[PDB]
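Enquirer: Turn this into a structure:
(3 chains, ligands or ions: 11)
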Amino acid sequence: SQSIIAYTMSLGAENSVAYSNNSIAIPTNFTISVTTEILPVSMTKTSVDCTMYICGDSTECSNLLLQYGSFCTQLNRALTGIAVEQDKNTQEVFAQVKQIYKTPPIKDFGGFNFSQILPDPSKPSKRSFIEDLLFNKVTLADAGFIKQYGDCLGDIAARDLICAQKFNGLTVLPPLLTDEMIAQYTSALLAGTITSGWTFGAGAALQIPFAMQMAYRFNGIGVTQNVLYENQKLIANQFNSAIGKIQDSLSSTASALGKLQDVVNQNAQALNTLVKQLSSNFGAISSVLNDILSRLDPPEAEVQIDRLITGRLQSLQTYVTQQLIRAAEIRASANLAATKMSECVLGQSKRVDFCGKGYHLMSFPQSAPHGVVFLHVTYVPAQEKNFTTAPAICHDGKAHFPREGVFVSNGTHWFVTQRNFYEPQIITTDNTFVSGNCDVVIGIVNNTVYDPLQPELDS
Amino acid sequence: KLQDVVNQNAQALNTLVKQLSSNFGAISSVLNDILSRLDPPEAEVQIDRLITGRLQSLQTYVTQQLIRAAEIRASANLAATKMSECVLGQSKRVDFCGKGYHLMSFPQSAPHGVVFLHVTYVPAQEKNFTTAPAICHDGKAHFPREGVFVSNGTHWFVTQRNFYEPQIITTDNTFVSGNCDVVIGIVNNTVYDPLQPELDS
Amino acid sequence: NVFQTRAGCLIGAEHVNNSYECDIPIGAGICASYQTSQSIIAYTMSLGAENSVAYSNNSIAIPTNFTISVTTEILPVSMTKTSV
Ligand SMILES: *[C@@H]1O[C@H](CO)[C@@H](O[C@@H]2O[C@H](CO)[C@@H](O)[C@H](O)[C@H]2NC(C)=O)[C@H](O)[C@H]1NC(C)=O
Ligand SMILES: *[C@@H]1O[C@H](CO)[C@@H](O[C@@H]2O[C@H](CO)[C@@H](O)[C@H](O)[C@H]2NC(C)=O)[C@H](O)[C@H]1NC(C)=O
Ligand SMILES: *[C@@H]1O[C@H](CO)[C@@H](O[C@@H]2O[C@H](CO)[C@@H](O)[C@H](O)[C@H]2NC(C)=O)[C@H](O)[C@H]1NC(C)=O
Ligand SMILES: *[C@@H]1O[C@H](CO)[C@@H](O[C@@H]2O[C@H](CO)[C@@H](O)[C@H](O)[C@H]2NC(C)=O)[C@H](O)[C@H]1NC(C)=O
Ligand SMILES: *[C@@H]1O[C@H](CO)[C@@H](O[C@@H]2O[C@H](CO)[C@@H](O)[C@H](O)[C@H]2NC(C)=O)[C@H](O)[C@H]1NC(C)=O
Ligand SMILES: *[C@@H]1O[C@H](CO)[C@@H](O[C@@H]2O[C@H](CO)[C@@H](O)[C@H](O)[C@H]2NC(C)=O)[C@H](O)[C@H]1NC(C)=O
Ligand SMILES: *[C@@H]1O[C@H](CO)[C@@H](O)[C@H](O)[C@H]1NC(C)=O
Ligand SMILES: *[C@@H]1O[C@H](CO)[C@@H](O)[C@H](O)[C@H]1NC(C)=O
Ligand SMILES: *[C@@H]1O[C@H](CO)[C@@H](O)[C@H](O)[C@H]1NC(C)=O
Ligand SMILES: *[C@@H]1O[C@H](CO)[C@@H](O)[C@H](O)[C@H]1NC(C)=O
Ligand SMILES: *[C@@H]1O[C@H](CO)[C@@H](O)[C@H](O)[C@H]1NC(C)=O
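Expert: Numbers count the residues shown, from 1 in each chain, chains lettered A, B, ... in the order given. Ligands and ions are numbered 1, 2, ... in the order given. Shown next is the protein structure:
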């Protein structure tokens, strides 16, 4: 009884924010959420042989293609320009630092578990458990870029894509940086983020306790660092559970990496299509170059072969154009990944939703096939409560404004607390500064401002 | 990087001139050789092969330029962003102006581009310092308003993170939050009170 | 002088254990250079000098001195305007 249904697309659950001049909502509790953002860095490096692709194993045809001249050279000049920048895209993202950092053998992070994001020497290539998942959820070509001629010759796999591309002159150039090395760049960038904080991107790596690192990344998002060490046991548990949810997200759902799988698919589809382009007749009597040479004289073959050359060359010009446009898209995502490597992983991004939803703390790079996966640690307010608020306070007749934080009331007494976490404090002259009077500020209320020096005068 | 902009633009124009020596399947690449030999009926067959190739050559060049212009525009939008956020302002973005904490940037005109001179704050000489998250004076945890807690092996000092300027730990430097039964790694240290000597008078 | 790399069989380059900065990029983590009796050498690309950060709960490194570094970043703005 299942059928196709047609519905108006929902915009999401509608939420009505209750708004009033005297109301504010401050989170009393929060959650540490690790969000997975996945960006393509590099794309498949392809070197096409345009003498081989157009004229297969043919002297008569190749002599005709040489009349076309620079066409074969200018296509490879653009494909090489891609192959160079794809190694440059990977160079700009994964290596921002000259030094390779490693975590010390003794691990005390303050409860934070990083064994999932840290490399595992047990594997043949040193990689994190997540980078092992990232490599297993993206299907690539055969292991290694060396495919023997006898492997294709001795056994012909029925409809084998990679051999057929190579016998047509389509070669996949290996990236300059192996996945084993990329895992060691992400390891160096992660080991510096863990041990040295954000200081390793602006200079020499300066070790700081990861607790103090968390404390000073709360000062960046506007949360007083005292919130950390009170919740440190919880913040480490909320974080370690969030990393544990990255496993269940990657392992169960294999479509999270589809952005990077699309990079492999489009590169394979474009090469596979380029092989299918050879079955087109181009207006010639046959698409086969050997059928024309075995039938028509060179005068009658040149007419037919030049139709094949023009089409097979335009097919390469189409492919190279598809690659240059796609390489500009991958480079834009690589420049974005290189920006999210610097400003997000290496530093702490003040940019809202640049590292994803929530106030960002630090990001963890993870090597993925033809790309990078940033694990973004974000500060998300969890439990909130409405609180009667006021812009200022009238004590002696002078308006008091918070140096940091807001004025809130629980219905009886007015308290001062920071915006992004609820930590009610007695309103004092150290918390609030004196500006102007009470005849101006709109919504101002009357409240006693405690003076820490007042009890000292009682003695 | 800017020489490549001049080279690729010159190479693409120079290649486009070399594109004219291609026969395109026609008997000759020269347009005057065909007109001086074949009748218009036999020339149109040969010339249309040259036109189709020379036009596809321009369509190839224009495509190379549109793709390259989109790359230069992306670098120009990046340069216009580094002109505003870096030169005109002070970039909080890490390694957006280059390595080091950025102060100001100096634009310099270069051929077909711009050269930003980025003034960055780079920590030079560093020293290990025994640190603690908080301090126990009367039994209430003290946290720095700005900076860190450090020790030279005897006395605990408070100083900012990005430069070493040790200061006596005081109630003006540190704020009172919570107690000492929670914070992990907290130590015991006396927090000086600037008001305390005023009560001695 | 025949050597096997991860990118493929490499003939004419000598295998050198010393990992240096990448000079002529090859692929599959291999780079080449022309050095010393001078011949082409084939070496595994070095990732940079390995630095081990000493890390502990009770340790921090604060710079006592600093340097003002002016770095030169060079970006293309405009390209040659061509009217064909
Ligand atoms: C981080 O979490 C992992 C996974 O829970 C911990 O590794 C486990 O260690 C226990 C023994 O303590 C083993 O019984 C499990 O089989 C291990 N699991 C895996 C997948 O390796 C690791 O010890 C934790 N690290 C810290 C510092 O807490
Ligand atoms: C704030 O929320 C966190 C959960 O995000 C609470 O921590 C959980 O508390 C429940 C009930 O005690 C436990 O069963 C969970 O195991 C805790 N999880 C973690 C990560 O520790 C925390 O107690 C809440 N705090 C307040 C003050 O409400
Ligand atoms: C709102 O907060 C104020 C201040 O914490 C509460 O007033 C205090 O109530 C406790 C008893 O629960 C007394 O011991 C304190 O002495 C009171 N304040 C002072 C300064 O003496 C008030 O009860 C709270 N109201 C609500 C509805 O929670
Ligand atoms: C806060 O206190 C001020 C001062 O007592 C209040 O302003 C007075 O309001 C009354 C009654 O209308 C007048 O007779 C006075 O002339 C006002 N005095 C001043 C100094 O302005 C103000 O109304 C109080 N606000 C609240 C919300 O209690
Ligand atoms: C660490 O710093 C403290 C404080 O500066 C040093 O203690 C002082 O030592 C000087 C002599 O060098 C005395 O005149 C001061 O009176 C001491 N402090 C106070 C508050 O009296 C301590 O010697 C330093 N330790 C090291 C190893 O450098
Ligand atoms: C800092 O001072 C506190 C308080 O004197 C110390 O805590 C005491 O530890 C002793 C010895 O085990 C106990 O008998 C007390 O019950 C503790 N008192 C309190 C108030 O907790 C603490 O050990 C000191 N820390 C350091 C590093 O010296
Ligand atoms: C502000 O809030 C008060 C209640 O506290 C309400 O009576 C008033 O209408 C609101 N608007 C103005 C004008 O302040
Ligand atoms: C705050 O007021 C709004 C008014 O709609 C209400 O929905 C909300 O539940 C209140 N606060 C909480 C935390 O319930
Ligand atoms: C700090 O300790 C590390 C431990 O390896 C040491 O290498 C370093 O030299 C020490 N500090 C300085 C400035 O020497
Ligand atoms: C280089 O490494 C190989 C393999 O371990 C070894 O056989 C050779 O002796 C080494 N040469 C040098 C110069 O150490
Ligand atoms: C913290 O540092 C102390 C030395 O100051 C060390 O004994 C302890 O093992 C470290 N780890 C913990 C659990 O604090």
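Enquirer: Check which residues of the longest strand seen in chain A are buried.
Expert: Secondary structure of chain A read by DSSP state E shows that its longest strand is strand A:371-390. Across strand A:371-390, burial judged by 16 or more other C-beta atoms under 10 Å in any protein chain shown covers A:371-379, A:381, A:387-390. In this view, the C-beta of every residue, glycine as well, is placed from N, C-alpha and C.
Enquirer: wait, doesn't residue C:43 sit right on residue C:17?
Expert: Yes. At 7.4 Å, residue C:43 counts as touching residue C:17 under the criterion of C-beta atoms under 8 Å.
Enquirer: related to what we said a few turns ago, reformat the buried residues of strand A:371-390 as TSV; add distance to residue A:276.
Expert: Shown next, in TSV, are these (distance: C-beta to C-beta, whole Å):
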residue	distance to residue A:276
A:371	27
A:372	32
A:373	33
A:374	36
A:375	39
A:376	41
A:377	46
A:378	45
A:379	51
A:381	53
A:387	66
A:388	70
A:389	66
A:390	71
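Enquirer: Direction included, what does the helix or strand hosting residue A:101 pair against?
Expert: In this assignment (DSSP states H and E), residue A:101 forms part of strand A:100-102. Strand A:100-102 has the following sheet partners, assigned by DSSP bridges: strand C:50-52 (parallel).
Enquirer: if we can go back for a sec, which residues sit against the following helix or strand past the longest strand of chain A?
Expert: Sequence-wise, the next helix or strand downstream of strand A:371-390 (DSSP H and E) is strand A:393-394. Defining contact as C-beta atoms under 8 Å, 6 or more residues apart in numbering or on different chains, one finds that strand A:393-394 is touched by A:399, A:400, A:407, A:414, A:427, A:432, A:438, A:444, A:445, A:446, A:447, A:449.
Enquirer: how near is the fifth one to residue A:419?
Expert: Plainly put, residue A:427 is 15 Å away from residue A:419 if you go by C-beta to C-beta, to the nearest Å.
Enquirer: okay, these two: which has more neighbours?
Expert: Remark: of residue A:427 and residue A:419, residue A:427 carries more neighbours, 24 against 15, as counted by other C-beta atoms under 10 Å in any protein chain shown.
Enquirer: can you pull up the bridge partners for the closest residue to the more buried one other than its chain neighbours?
Expert: Excluding the flanking residues, the one nearest residue A:427 by C-beta to C-beta, 6 or more residues apart in numbering or on different chains is residue A:416, at 4.6 Å. Beta-bridge pairing of residue A:416 under DSSP bridges involves residue A:407, residue A:425.
Enquirer: ok, now which ones touch residue A:416?
Expert: Contacts of residue A:416 were listed using C-beta under 8 Å, 6+ apart, and they are A:402, A:405, A:406, A:407, A:408, A:424, A:425, A:426, A:427, A:428, A:431, A:432.
Enquirer: Only the buried members of those residues: can you turn that into a ChimeraX selection?
Expert: Buried members of those can be picked out in ChimeraX with the line below, counting by 16+ other C-beta under 10 Å:
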select /A:402,405,406,407,408,424,425,427,431,432
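Enquirer: Neighbours of the residue in the stretch 101-250 of chain A that ligand 9 sits nearest to, how many?
Expert: Proximity of the stretch 101-250 of chain A to ligand 9 (C-beta to the nearest ligand atom) peaks at residue A:207, 7.9 Å away. Residue neighbour count, defined by other C-beta under 10 Å, stands at 24 for residue A:207.
Enquirer: now do the one 4 residues further on
Expert: Residue A:211 is flanked by 25 other residues according to other C-beta under 10 Å.
Enquirer: just the strands in chain C please.
Expert: C:2-4, C:9-11, C:14-15, C:24-27, C:30-35, C:39-44, C:50-52, C:59-76.
Enquirer: Quick check: which helices or strands does the longest one pack against?
Expert: With contacts taken as 3 or more C-beta pairs under 8 Å, 6 or more residues apart in numbering or on different chains; DSSP states H and E, strand C:59-76 sits against helix B:2-18, helix B:40-81, strand B:101-110, strand B:113-132, strand B:148-151.
Enquirer: mind listing what that strand pairs with, with the direction of each?
Expert: When DSSP bridges is applied, strand C:59-76 pairs with strand B:113-132 (antiparallel).
Enquirer: Please see if the strand it pairs with touches ligand 6.
Expert: No. Strand B:113-132 stays clear of ligand 6 (C-beta under 6 Å from any ligand atom), getting no nearer than 9.6 Å.
Enquirer: Output that strand as PDB - backbone C-alpha positions only.
Expert: The C-alpha coordinates for strand B:113-132 follow below in PDB (Å, rounded to 0.1, in the frame of the first residue of the first chain):
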ATOM      1  CA  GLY B 113      48.200  41.900  -7.900                       C
ATOM      2  CA  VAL B 114      48.800  43.200  -4.400                       C
ATOM      3  CA  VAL B 115      51.500  42.400  -1.900                       C
ATOM      4  CA  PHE B 116      50.400  42.600   1.800                       C
ATOM      5  CA  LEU B 117      53.200  43.200   4.300                       C
ATOM      6  CA  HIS B 118      51.800  41.600   7.500                       C
ATOM      7  CA  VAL B 119      53.100  42.800  10.900                       C
ATOM      8  CA  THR B 120      52.700  39.800  13.200                       C
ATOM      9  CA  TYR B 121      53.400  39.300  16.900                       C
ATOM     10  CA  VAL B 122      55.600  36.200  17.200                       C
ATOM     11  CA  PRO B 123      56.600  34.900  20.700                       C
ATOM     12  CA  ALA B 124      60.400  34.500  20.700                       C
ATOM     13  CA  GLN B 125      62.000  33.400  24.000                       C
ATOM     14  CA  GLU B 126      59.900  31.100  26.200                       C
ATOM     15  CA  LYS B 127      60.400  29.400  29.600                       C
ATOM     16  CA  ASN B 128      58.600  26.500  31.200                       C
ATOM     17  CA  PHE B 129      56.500  27.600  34.200                       C
ATOM     18  CA  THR B 130      54.700  25.500  36.800                       C
ATOM     19  CA  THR B 131      51.100  26.500  36.500                       C
ATOM     20  CA  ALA B 132      47.800  25.900  38.300                       C
END
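Enquirer: and that strand, how far out from the chain's middle?
Expert: 15 Å (C-alpha atoms, centre = their mean, to the nearest Å).
Enquirer: Tell me how far the residue nearest to residue A:427 lies from ligand 3.
Expert: Residue A:416 sits at a distance of 12 Å from ligand 3 (criterion: C-beta to the nearest ligand atom, to the nearest Å).
Enquirer: Please identify which residue in the stretch 201-350 of chain A comes closest to ligand 2.
Expert: For the stretch 201-350 of chain A, C-beta to the nearest ligand atom, closest residue to ligand 2: residue A:237, 3.5 Å.
Enquirer: Counting neighbours, what do you get for the residue of chain C found nearest ligand 9?
Expert: Among the residues of chain C, residue C:54 lies nearest to ligand 9; the distance is 3.2 Å by C-beta to the nearest ligand atom. By other C-beta under 10 Å, 12 other residues sit near residue C:54.
Enquirer: Repeat that for residue A:176.
Expert: For residue A:176, the neighbour count with other C-beta under 10 Å is 25.
Enquirer: Give me the nearest residue to it, chain neighbours excluded.
Expert: Of all residues not flanking residue A:176 in the chain, residue A:87 sits nearest, at 4.0 Å (C-beta to C-beta, 6+ apart).
Enquirer: tell me the contacts of the residue of the stretch 101-250 of chain A closest to ligand 9?
Expert: Applying C-beta under 8 Å, 6+ apart, one finds that residue A:207 lies in contact with A:195, A:196, A:197, B:128, C:53, C:54, C:55, C:56, C:59, C:60, C:61.
Enquirer: Does the fifth one touch residue A:100 like I think?
Expert: In this case it means residue C:53. No. The criterion here is C-beta under 8 Å, and residue C:53 misses it with residue A:100 at 10.7 Å.
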